[PDB]
Amino acid sequence: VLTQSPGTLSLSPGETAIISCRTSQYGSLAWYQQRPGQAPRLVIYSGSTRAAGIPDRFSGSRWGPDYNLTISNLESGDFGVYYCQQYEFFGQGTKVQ
Amino acid sequence: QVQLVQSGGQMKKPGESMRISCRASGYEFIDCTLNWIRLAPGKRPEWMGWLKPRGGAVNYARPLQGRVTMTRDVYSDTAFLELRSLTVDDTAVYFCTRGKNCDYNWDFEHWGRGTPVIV
Amino acid sequence: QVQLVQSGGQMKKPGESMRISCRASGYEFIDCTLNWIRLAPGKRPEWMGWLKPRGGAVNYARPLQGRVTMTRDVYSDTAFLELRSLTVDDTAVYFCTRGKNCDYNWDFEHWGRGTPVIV
Amino acid sequence: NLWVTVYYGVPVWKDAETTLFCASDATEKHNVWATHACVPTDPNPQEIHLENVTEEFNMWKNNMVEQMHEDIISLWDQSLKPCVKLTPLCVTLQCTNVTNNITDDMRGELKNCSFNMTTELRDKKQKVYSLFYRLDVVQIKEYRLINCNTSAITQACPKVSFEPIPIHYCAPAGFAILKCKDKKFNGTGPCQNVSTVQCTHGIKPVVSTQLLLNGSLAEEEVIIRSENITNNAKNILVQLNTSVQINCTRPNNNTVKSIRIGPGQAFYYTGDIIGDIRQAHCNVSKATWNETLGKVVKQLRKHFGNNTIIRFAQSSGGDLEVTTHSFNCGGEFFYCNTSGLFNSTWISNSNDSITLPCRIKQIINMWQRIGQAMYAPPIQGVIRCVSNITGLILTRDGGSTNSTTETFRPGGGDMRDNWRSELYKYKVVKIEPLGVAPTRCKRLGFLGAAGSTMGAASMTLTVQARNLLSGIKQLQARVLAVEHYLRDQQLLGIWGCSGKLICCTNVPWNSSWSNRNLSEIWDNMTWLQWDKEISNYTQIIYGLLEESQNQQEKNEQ
Ligand SMILES: *[C@@H]1O[C@H](CO)[C@@H](O[C@@H]2O[C@H](CO)[C@@H](O[C@@H]3O[C@H](CO[C@H]4O[C@H](CO[C@H]5O[C@H](CO)[C@@H](O)[C@H](O)[C@@H]5O)[C@@H](O)[C@H](O)[C@@H]4O[C@H]4O[C@H](CO)[C@@H](O)[C@H](O)[C@@H]4O)[C@@H](O)[C@H](O[C@H]4O[C@H](CO)[C@@H](O)[C@H](O)[C@@H]4O)[C@@H]3O)[C@H](O)[C@H]2NC(C)=O)[C@H](O)[C@H]1NC(C)=O
Ligand SMILES: *[C@@H]1O[C@H](CO)[C@@H](O[C@@H]2O[C@H](CO)[C@@H](O[C@@H]3O[C@H](CO[C@H]4O[C@H](CO)[C@@H](O)[C@H](O)[C@@H]4O)[C@@H](O)[C@H](O[C@H]4O[C@H](CO)[C@@H](O)[C@H](O)[C@@H]4O)[C@@H]3O)[C@H](O)[C@H]2NC(C)=O)[C@H](O)[C@H]1NC(C)=O
Ligand SMILES: *[C@@H]1O[C@H](CO)[C@@H](O[C@@H]2O[C@H](CO)[C@@H](O)[C@H](O)[C@H]2NC(C)=O)[C@H](O)[C@H]1NC(C)=O
Ligand SMILES: *[C@@H]1O[C@H](CO)[C@@H](O[C@@H]2O[C@H](CO)[C@@H](O)[C@H](O)[C@H]2NC(C)=O)[C@H](O)[C@H]1NC(C)=O
Ligand SMILES: *[C@@H]1O[C@H](CO)[C@@H](O[C@@H]2O[C@H](CO)[C@@H](O)[C@H](O)[C@H]2NC(C)=O)[C@H](O)[C@H]1NC(C)=O
Ligand SMILES: *[C@@H]1O[C@H](CO)[C@@H](O)[C@H](O)[C@H]1NC(C)=O
Ligand SMILES: *[C@@H]1O[C@H](CO)[C@@H](O)[C@H](O)[C@H]1NC(C)=O
Ligand SMILES: *[C@@H]1O[C@H](CO)[C@@H](O)[C@H](O)[C@H]1NC(C)=O
Ligand SMILES: *[C@@H]1O[C@H](CO)[C@@H](O)[C@H](O)[C@H]1NC(C)=O
Ligand SMILES: *[C@@H]1O[C@H](CO)[C@@H](O)[C@H](O)[C@H]1NC(C)=O
Ligand SMILES: *[C@@H]1O[C@H](CO)[C@@H](O)[C@H](O)[C@H]1NC(C)=O
Ligand SMILES: *[C@@H]1O[C@H](CO)[C@@H](O)[C@H](O)[C@H]1NC(C)=O
Ligand SMILES: *[C@@H]1O[C@H](CO)[C@@H](O)[C@H](O)[C@H]1NC(C)=O
Ligand SMILES: *[C@@H]1O[C@H](CO)[C@@H](O)[C@H](O)[C@H]1NC(C)=O
Ligand SMILES: *[C@@H]1O[C@H](CO)[C@@H](O)[C@H](O)[C@H]1NC(C)=O
Ligand SMILES: *[C@@H]1O[C@H](CO)[C@@H](O)[C@H](O)[C@H]1NC(C)=O
C-alpha cells in the first residue's frame, strides 16, 4: 500500500533528515515519532500540519502521491523510529540514528 | 488533558487468550472513536481495529478477523482488546489511541503508555 | 378517528335498572361532552342527557329526571348511563354520542355501535 | 468611474448553521413524537427552483443532522418525562425458564420472573409474575433488569406510540433551506439543480441501526454516499433505488397485564402467552434483496475497481443495536440478526423469503446514553409490520491487504446516519442581504433570481428582504435574527442608506476589487459569484463607506 524509505538513516545531530514515503492511495498522510520506551506521538498530520507541542523543525512537502518528512537540526530528543500512516495503513518505519 | 491508561506487561503462550484494558479520560468516551494498534518490533506496525464506543461498533483488520474481539464499558470509560489463538507473530507492543479531532480518527495524537505482549 | 364502544345486548324486566358502559377513544375524553340518546322504533328519538366528563356535570331529560343517572370513570375514559324504573316504553337502542366539534355539543358526528334494550 | 453601491436584499448566503423550527401536519397524533411546540405546517407553500445556481453541499458536515439528533432526543425525553419511572421495578427477580410442561429448555428466550413489587399502598407488596426477555435480564435463579445498576429506567406512557411521523425542519427568519434536486447526487460537492425551501419534505424519525426503513429512495439508481469511502470510520450510507420489502412479526399473543406500582403509576408487563412460544422474525424478499445487493456491489465497484470481489458479512461486533438491525415495530423493539442478508460474496464478471431471527427487547437504551433507559410496555396481540428498506448503513473492514477482495458489514451505533440519509439533500444558509457592487450612479419568490446575473437579480431585492423577521434555543434564534436585521439596518444607517434599499454613494471603486470593466459584473456574474470574489474585501468597502458617509455628513451638516 505504502512504502517508507530508507529503512535506516545514520545521521549526526544538526543534520537534516529526509524520510520518504510513497503511496498508491489518496489520503491524508501523518507522521509519528516513536522514541524508544515511549509511545509514537504524532509529529505531523494532513501531510504538512504540525501537531500541538511539536517544534517547527518538523515539516513535510512533496508533489504527487509521495510524501517527505523534513526534520532540520535534529536534537537529542529525536532519532526515534518514524512511521508514515495513510488511512490505517502504516509504513514499515525508518529508524533514525 | 486527554489520557489513555492501559494495563499491560502480560506474557502468554501460543494458543492462550489475552485481554488488554484501556481506561480513557479527558473527553467524552461515547463521542470519540478509540483505536487499537499492534506495533510489532522489527515488523510493519498494524492497526488492529477501531471501536466506536457509543454503539460499540467495531471494525477489525482483515488479517485479524475471527481472532480479535473488542468490547467496552461506558460507565467506567474502558475499552477492551481481546485476542484468541495467539501465535509467535503476535509479539508486539499494543497501544490504545485517540485521534486529534474525533471527526478524523486516523491522525492519532493521544497514545497510551504501551502494553508489551511477549509470545 | 373518534370511536365510542358500547356494551349491550341487555334485556330487563319492568322495575329493574340497566347500566350501559361507553368507552371513548380518539379524542381527549375529559375536554368533550358526551350525550346519551334513546332511539326507540316508531316514536321520535328522545335525547336522554349530556355528561361533561371533567367536572362530571350532567343534564337529564325532563321526563327522565329522577330515573337517569350518568357517571364517568375519567381514568378508564368510560361514561356510564344508569336508567331506573324500566317500563315497556323504554325499549330502544341507546346510543353514546359526541358532537362534531367540542365547542357545539349537538352535531353528533360520532355515534357508538348502539345498545339494544328490550323491556 | 466605478463607485460603491450598497444593495440590501441581495440573494446571497453563507453556510451558517442555526436552529430550525418544527412543523408538522395537524389527538392521537399529539402523543406520537410531539412536544406540542411544533407548529401546524402548510401544503408545501414554497419550493422555488434556483435556476442556474450551483451550490456546494456536504451532508456529513452540517448542523441539520446534529439538530435532528438533539431534537429527537429532546422529543423522546419529553415523551417519556410525564411517564412512570421503574425505580420500583429494580428488584430481585426469581426467574425460571418459560415452561412447556415438558423438559424442553428456554423457548423464545423468555424468562418467567416472580418478584415482589410495590403497590398503590406503601405498606403492602404484590407478588408479580412477568415474562421478561432474556435480553432484558442479567443473572445475579436470581436476575435483575439489565439497566437497573447503570440507569434510571423510565416506562413509556401506554398512550404513547413509537410509530414515526414526518417532521418538517423549517428555516427561521433570515435563513433558507437549500435542497439539492440532482439525481444520483452523492451528498457532497457541487449540486447543479438547487432550490430554496422554507421546510424539508418531512423527515420521519424512523429509528433503525443497520437498514434504513421508511426513508426516501434514490431517483434512478442506488446511491452510495460516504464522506470518503477509503476511510473505514466514515460509515457508508446506501440509498436504494426501489425499496426491499421486509415483513416483520412478533408471532406471540403476549397477553398484557398491568399492576399499580404507586399512586398513578401503572406498570404494564407480559402476563402470559396463550399459544406456542415463537421467535420474532423478519422476512426480507429474497429475490428483491439479491437484486438489491447486486445493485449495491455494482455501485461499490464503480467506487472501487471494476474487477474486485465484494464480500458481505455479518456485523463484526458491538452492542445489540449494532450487531443486529434494531427497530420499532408496532410498539415492540426488534433486534434482527442480519447475518441472513450480509453473507454473499460477489465476484466481478423464486418467491422465497430470507427469514432473519429477531430478538425482542423491552428495556431500550436508545442512543446508548449514560444514566438513561426506556422500558417499552408490551403490546397486546400478534405484531405485524410491513416496512420498506430504503437504505443501508455499511462499514468496510480495514487492514485491506491483498486488496483484490473487500469486505462489507452492516454498520450502526450512530443514529445520525439515519438522518444523514434523509438530510443528504438539505443545507441551512444564512441570508446576507447586504451586498456591494460597482456602478456609475455616484450619488419570483424568496431567493428567486439567485442564479440570475446581477442587475436582473437586483430588481427582486424587496422579495428577498420581505423574508426577514418572518424553547430557549428557538427564542435565542429569534433574537439573533432580530439582531442581524438590526445590525444590517444600523450599518445602512451609518452609511446613510437605511431607507433606500439601493444606495448609491460617494465611494470610488478600486480596480483591484475584480473590476472586470462592469460588463461582466452585471451581464455575466451572479450575486453569489460576486460576493465570493470580494469576500475578502467587504470589510474594507464597509470601512470606506463609513468613512465617506462620516466625511460627507460632517462637510454638509
Ligand atoms: C478521499 O479523501 C482523499 C483525501 O481526503 C481524497 O484525496 C484527494 O483527491 C483529490 C481528487 O480525487 C486530489 O486532487 C487531485 O490531486 C492531484 C495530485 O495532487 C497532488 O499532487 C499535485 C502535483 O502532482 C503533479 O505531479 C505529480 C508528479 O509526481 C503527478 O503524478 C501528478 O499527476 C501531478 O501532475 C500537487 O499540486 C497537489 O498539491 C497534490 O499534492 C499531493 O502530494 C502532497 C505531497 O506533499 C500532499 O501534501 C498532498 O496532500 C497531495 O497528496 C492533482 O493532479 C489533481 O488535479 C486535477 O485537476 C487539475 C485541474 O487543473 C488537472 O490539471 C489535473 O490533471 C487533475 O485532473 C487534483 O488536484 C487530492 O490531491 C487528494 N488529496 C489527498 C490529501 O489525498 C480522495 O479523492 C477522496 N476519495 C473519495 C472517493 O471521496
Ligand atoms: C414503516 O411504515 C409502515 C407503514 O406506515 C409501518 O407499518 C405500520 O405501522 C403502524 C404502527 O405499527 C400500523 O398501525 C397500526 O395498525 C393496527 C392495525 O390497524 C388495522 O386497522 C386500521 C383501521 O383503521 C387500518 O388503518 C390498518 O391499516 C389496519 O388494517 C392498529 O391496530 C394499530 O393501532 C393500535 O395502536 C395505536 C398506537 O400504536 C393506537 O392508537 C390504536 O388505538 C391501537 O391500539 C396501529 O394503527 C400500520 O398498520 C402499519 N402498516 C403497515 C402497512 O405495515 C411500519 O411500522 C414503519 N416502519 C417502522 C420501522 O416504523
Ligand atoms: C409463570 O409462573 C407462574 C408461577 O410462577 C405460573 O402461574 C401458575 O401457572 C399454573 C399453570 O398450571 C397455575 O396452575 C397456577 O395457579 C399459576 N400460579 C399463579 C400464582 O399464577 C405461570 O403459568 C407461568 N407462566 C408461564 C408462561 O410459564
Ligand atoms: C451493570 O451490570 C452489568 C451486568 O451485570 C455489568 O456489566 C458486565 O456484564 C457482564 C455480563 O456477562 C458480566 O460478566 C460482567 O462481569 C459485568 N461487569 C461488571 C464490572 O460487573 C456492568 O458493568 C454494571 N455496571 C456498573 C457501572 O458496575
Ligand atoms: C447471528 O446469527 C449468526 C448465525 O447466522 C451467529 O453466528 C454464529 O455465532 C456463533 C458465536 O459463538 C458461532 O459459533 C457460530 O459459528 C456462528 N454461526 C455461523 C453460521 O457463522 C451470530 O453470532 C448471530 N449474531 C447475533 C448478533 O445475534
Ligand atoms: C434454561 O435454559 C437455559 C438455556 O441455555 C439452560 O442453560 C438453563 O439451565 C435452563 N434453566 C432451567 C431452570 O430450566
Ligand atoms: C417475596 O417476599 C417474601 C417475604 O414476604 C419472600 O419469602 C419471597 O421469597 C419474596 N419473593 C420474591 C420473588 O422476591
Ligand atoms: C436538472 O433538472 C433538469 C430538468 O429538465 C434536468 O434535465 C437536469 O438533468 C437536472 N440536472 C441534474 C444534474 O440532474
Ligand atoms: C461524488 O462525490 C465526489 C466527492 O466525494 C464528487 O467529486 C463527485 O462529483 C460526486 N459524484 C456525483 C455523481 O455527484
Ligand atoms: C413501499 O414501496 C412501495 C413501492 O410501490 C410504495 O408504494 C409504498 O408506499 C412504500 N411504503 C412506505 C411505507 O414507504
Ligand atoms: C431502479 O429501479 C427501477 C424500477 O423502479 C429499475 O427499472 C431500474 O433498473 C433500477 N436501477 C438499476 C440500476 O437497476
Ligand atoms: C389473545 O388472547 C385473547 C384473550 O382474550 C384473545 O381474545 C385473542 O384472540 C388472542 N389473540 C390471538 C391472536 O389468538
Ligand atoms: C408482506 O405482507 C403483505 C401483506 O400485508 C404481502 O402482500 C407481502 O407480499 C408480504 N411481503 C413479504 C416480503 O413477505
Ligand atoms: C443471487 O445471489 C447469488 C449470490 O451468490 C449471485 O451469484 C447471483 O448472481 C444472484 N442473482 C441475481 C442478482 O439475480
Ligand atoms: C439561466 O441561464 C440561461 C442562459 O441561456 C438564461 O436564459 C436563463 O434565463 C437563466 N436563468 C435565470 C433564472 O435568469
Ligand atoms: C486601492 O488599493 C490600493 C492597494 O495598494 C491602495 O493603496 C489604494 O489606496 C486603494 N484605493 C482606494 C480608493 O481604496
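By the method listed in its record, cryo-EM, this PDB entry was determined to a resolution of 3.10 Å.

Colleague: What am I meant to see in the side chain of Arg225 of chain D here?
Modeller: Residue and element names in this part refer to chain D. Tracing the sequence through the fold places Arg225 in strand 18 (residues 223–225). One buried charged side chain, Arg225, makes no salt bridge at all; its nearest oppositely charged neighbour is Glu219, positioned 5.6 Å away. In this structure the side chain of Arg225 is engaged in a polar contact, spanning 2.5 Å, whose partner is the side chain of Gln239. Setting aside chain neighbours within four positions, we find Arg225 in contact with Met59, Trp60, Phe185, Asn186, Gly187, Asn235, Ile236, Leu237, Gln239 and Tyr424.

Colleague: Would you mind showing me how to read the site of ligand 11 here?
Modeller: Residue and element names in this part refer to chain D. Surrounding ligand 11, one finds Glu220, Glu221, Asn241, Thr242 and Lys295. Here an oxygen atom of ligand 11 sits 2.4 Å away from a polar atom, N or O, in the side chain of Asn241. Contact with the protein chains covers 39% of the free accessible surface of ligand 11, which is 360 Å². Of the residues contributing to the shell around ligand 11, the split by class is no nonpolar, 2 polar and 3 charged.

Colleague: Explanation requested: the pairing of strand 24 (residues 325–329) of chain D in the structure shown.
Modeller: Residues and elements named next belong to chain D. The element strand 24 is extensively covered by neighbouring structure, given that 5 of its 5 residues are classed as buried. Side chains of strand 24 alternate between two faces, with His325, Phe327 and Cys329 and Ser326 and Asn328 buried alike. Sheet topology note: the strand 24/strand 25 (residues 332–336) ladder contains 5 bridges and is antiparallel. Looking at strand 25, one finds that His325 is bridged to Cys336.

Colleague: Quick question: what am I supposed to make of the sheet that holds strand 11 (residues 142–145) of chain D here?
Modeller: The strands making up a sheet associate through hydrogen bonds between their backbones, and the pairing can be parallel or antiparallel. All names here are of chain D. An order of 9-8-7-11-10 is seen for the 5 strands of this open sheet, with the pairing classed as antiparallel. Of all the strands in the sheet, just strand 9 (125–133) and strand 10 (137–139) have a single pairing partner and so form its edges. With direction set aside, neighbouring strand axes in the sheet form an average angle of 40°. Relative to strand 11, strand 10 runs antiparallel, the two being bridged by 3 bridges. Within strand 11, the position partnered with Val137 by the bridge is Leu145.

Colleague: Got a minute to help me understand the interface of chain D and chain A in this structure?
Modeller: How big an interface is tends to be expressed through the accessible area that disappears when the partners come together. Listed by partner, the interface residues are 8 residues for chain D and 5 residues for chain A. Between chain D and chain A, a total of about 450 Å² is buried, with carbon and sulfur atoms accounting for 46% of that surface. Taken together, the connections running from chain D to chain A amount to 0 salt bridges. Of the residues belonging to the side of chain D that touches chain A, the class tally is no nonpolar, 8 polar and no charged.

Colleague: Got a minute to help me understand the pattern of salt bridges in this structure?
Modeller: When the charged atoms of two side chains with opposite charge come close together, those side chains can pair. Taken as a whole and judged by the stated rule, the model has 44 salt bridges over all chains. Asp90 of chain C is the partner of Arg67 of chain C in a salt bridge, and the nearest nitrogen-oxygen pair spans 2.6 Å. Of this pair, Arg67 of chain C sits in the loop between strand 6 (57–60) and strand 7 (68–73) while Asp90 of chain C sits in the loop between strand 8 (78–83) and strand 9 (92–98); the two residues are 23 residues apart in sequence, bridging distant segments of the chain. The buried category is assigned to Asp90 of chain C, whose relative accessible area is 1%. Between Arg250 of chain D and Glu332 of chain D there is a salt bridge, and its shortest N-O distance comes to 2.7 Å. Of the two residues, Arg250 of chain D sits in strand 19 (residues 236–250) while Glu332 of chain D sits in strand 25, which places them 82 residues apart along the sequence. With relative accessibility at 1%, the residue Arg250 of chain D sits in the buried group.

Colleague: Looking at this structure, how should I read the pairing of strand 8 (residues 66–71) of chain A?
Modeller: The two faces of the sheet receive side chains in turn, since in a regular strand these alternate between them. Residues and elements named next belong to chain A. Within strand 8, 5 of the 6 residues are buried, leaving the element largely enclosed by the surrounding structure. Examined bridge by bridge, strand 3 (residues 17–23) and strand 8 share 6 bridges and lie antiparallel to one another. When the bridges of strand 8 are listed, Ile19 appears paired with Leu69. Sheet topology note: the strand 7 (residues 58–60)/strand 8 ladder contains 3 bridges and is antiparallel. Residue pairing for strand 8: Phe58 is matched across the bridge by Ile71.

Here is what the cut-offs are and how they apply
Residues numbered from 1 in each chain as written, not as in the entry; some residues may be left out. Chains lettered and ligands numbered in written order. Part of a larger assembly, values for the part shown. Heavy atoms only, no water. Helix = DSSP H or I, 4+ residues; strand = E, 2+ residues; numbered from the N terminus. Buried < 20%, exposed > 50% of the residue type's maximum accessible area, 1.4 Å probe, protein only. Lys, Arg positive; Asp, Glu negative; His and termini not counted. Salt bridge = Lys/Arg side-chain N within 4 Å of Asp/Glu carboxyl O. Polar contact = N/O pair within 3.5 Å; in protein donor to acceptor, adjacent residues only side chain to side chain. Contact = heavy atoms within 4.5 Å. Near = heavy atom within 4 Å. Areas by Shrake-Rupley, 256 points an atom, 1.4 Å probe, with all protein chains shown as cover. Nonpolar A, V, L, I, M, F, W, Y, C, P; charged D, E, K, R; others polar. Pairing = 2+ DSSP bridges. Axes fitted to C-alpha atoms, helices over the stretch in contact; angles between N-to-C directions. Buried area = accessible area lost by both parts, 1.4 Å probe.

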